[PDB]
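Here the structure comes first, spelled out in structure tokens, and everything after it is commentary.
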Amino acid sequence: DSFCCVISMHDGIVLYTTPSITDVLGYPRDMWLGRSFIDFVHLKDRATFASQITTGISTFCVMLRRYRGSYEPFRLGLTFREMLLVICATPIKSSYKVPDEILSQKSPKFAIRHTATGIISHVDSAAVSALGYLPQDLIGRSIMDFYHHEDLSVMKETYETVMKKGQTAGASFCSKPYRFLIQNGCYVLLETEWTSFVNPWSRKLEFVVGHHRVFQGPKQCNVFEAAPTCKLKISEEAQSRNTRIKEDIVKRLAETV
Numbered sequence: 238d239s240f241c242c243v244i245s246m247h248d249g250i251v252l253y254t255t256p257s258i259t260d261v262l263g264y265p266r267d268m269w270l271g272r273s274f275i276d277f278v279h280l281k282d283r284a285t286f287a288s289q290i291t292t293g294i309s310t311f312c313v314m315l316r317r318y319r320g334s335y336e337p338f339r340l341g342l343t344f345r346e364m365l366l367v368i369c370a371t372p373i374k375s376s377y378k379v380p381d382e383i384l385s386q387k388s389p390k391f392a393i394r395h396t397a398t399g400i401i402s403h404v405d406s407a408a409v410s411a412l413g414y415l416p417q418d419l420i421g422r423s424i425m426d427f428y429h430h431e432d433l434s435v436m437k438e439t440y441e442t443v444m445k446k447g448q449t450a451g452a453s454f455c456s457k458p459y460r461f462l463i464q465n466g467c468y469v470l471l472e473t474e475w476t477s478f479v480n481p482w483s484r485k486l487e488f489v490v491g492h493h494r495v496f497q498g499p500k501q502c503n504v505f506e507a508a509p510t511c512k513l514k515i516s517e518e519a520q521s522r523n524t525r526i527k528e529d530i531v532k533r534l535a536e537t538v
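Per the entry's author numbering: the sequence shown = residues 238 to 294, 309 to 320, 334 to 346, 364 to 538.
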């Protein structure tokens with residue numbers, strides 16, 4: 238179930254509002270006829286929207316907000345018509378259906394990728410329905426930021442092996458299930474296969490590519506949802522003892538490949 242909006246260059250606002258909106262999203266047709274779409278999309282996604290309309294004359312997700320006077337996920341798919366734009370905001374759901382699920386083989390194939398510094402550049406869309414992270418939430422942060430601490434000490438050896446193997450013309454050696462936190466805070470186990478691109482001559486690690494196929498869903502299903510917190514621990518003798526192995530896998534980007 239979707240619904241549409243429409244506009245463009247002279248101001249914004251919204252002209253139409255598919256009568257299927259007082260349903261799918263909460264409020265009435267002419268209810269939106271009021272002002273600019275743009276100020277309906279979460280302060281967050283806002284930035285990418287006005288950059289995807291400029292880069293068009309498709310598809311990309313953003314977070315829209317219901318109306319009661334609880335933002336929800338959406339997958340805007342636009343179309344440039346003669364001007365004005367037709368936006369069919371289809372809502373997006375959470376791929377997991379049970380709890381501590383054990384996804385089959387069909388399970389989507391979503392692959393995030395990152396720079397030596399440890400920052401994810403591109404990030405498949407197939408990952409927004411199984412990680413509750415709309416690209417923009419990520420695409421720009423530190424990949425090491427996610428991994429589970431009681432893990433990066435054994436995670437390291439995995440990353441390393443992407444050099445040793447990344448020393449070949451494009452070797453791919455499949456990792457072993459490793460925890461990784463979603464949007465709701467839970468931890469899934471991806472069945473990650475790796476591969477990197479080392480600049481042939483400067484012989485440096487340009488970027489990593491992880492063909493992430495999920496292997497086990499969250500304790501509490503419904504990715505997106507709300508984000509709690511119960512995980513602390515010796516935030517002194519280890520919350521810094523780890524930053525050691527992290528900021529060590531960062532400096533483990535240097536040539537020697």
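For every residue, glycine included, the Cβ atom is placed at its ideal position computed from N, Cα and C.
- Note that the C-beta distance between residue 400 and residue 424 is below 8 Å.
- For the options 451, 254 and 481, the alpha carbon positioned closest to that of residue 367 is the one of 254.
- Where residue 475 is concerned, there is no enclosing alpha helix (DSSP H), although the beta strand (DSSP E) around it starts and stops at 475-480.
- Inter-segment contact for the segment 410-417 and the segment 459-479 is present: three or more beta-carbon pairs are separated by less than 8 Å.
- For residue 407 and residue 394, the gap between their C-alpha atoms comes out near 13 Å.
- The residue from 386, 418, 530 and 291 with its alpha-carbon nearest to that of residue 494 is 386.
- In this model, residue 512 and residue 247 are separated by some 49 Å (Cα to Cα).
- Only residues of its own chain outside the window of five on either side were considered, and among them 250, 251, 252, 274, 365 and 366 have a CB closer than 7 Å to the CB of residue 244, listed in chain order.
- One thing to note: residue 496 has its Cβ within 8 Å of the Cβ of residue 472.
- Nearest in C-alpha terms to residue 429, of all of 537, 470, 377 and 372, is 470.
- DSSP places residue 283 inside the alpha helix (DSSP H), whose first and last residues are 283-289.
- The shortest C-alpha to C-alpha distance from residue 265 to any of 318, 291 and 537 is the one to 318.
- Boundaries of the alpha helix (DSSP H) harbouring residue 444: 430-445, taken from the DSSP string.
- Here the segment 425-445 makes contact with the segment 510-530; the two share three or more CB pairs at distances below 8 Å.
- Collapsing the DSSP output to three states places residue 244 in a strand.
- Looking from the CA of residue 488, the closest CA among 335, 535 and 498 belongs to 535.
- Cβ atoms of residue 335 and residue 504 stay farther apart than 8 Å, at about 14 Å.
- Cα atoms of residue 320 and residue 260: separation of roughly 16 Å, rounded to the nearest angstrom.
- With distances taken between CA atoms, residue 458 lies nearest to 474 out of 474, 448, 451 and 238.
- Annotation: residue 484 to residue 538 spans about 7 Å, alpha carbon to alpha carbon.
- One Cα belongs to residue 506, the other to residue 311, and the distance between them is close to 20 Å.
- For residue 484, there is no enclosing beta strand (DSSP E), since its DSSP letter is neither H nor E.
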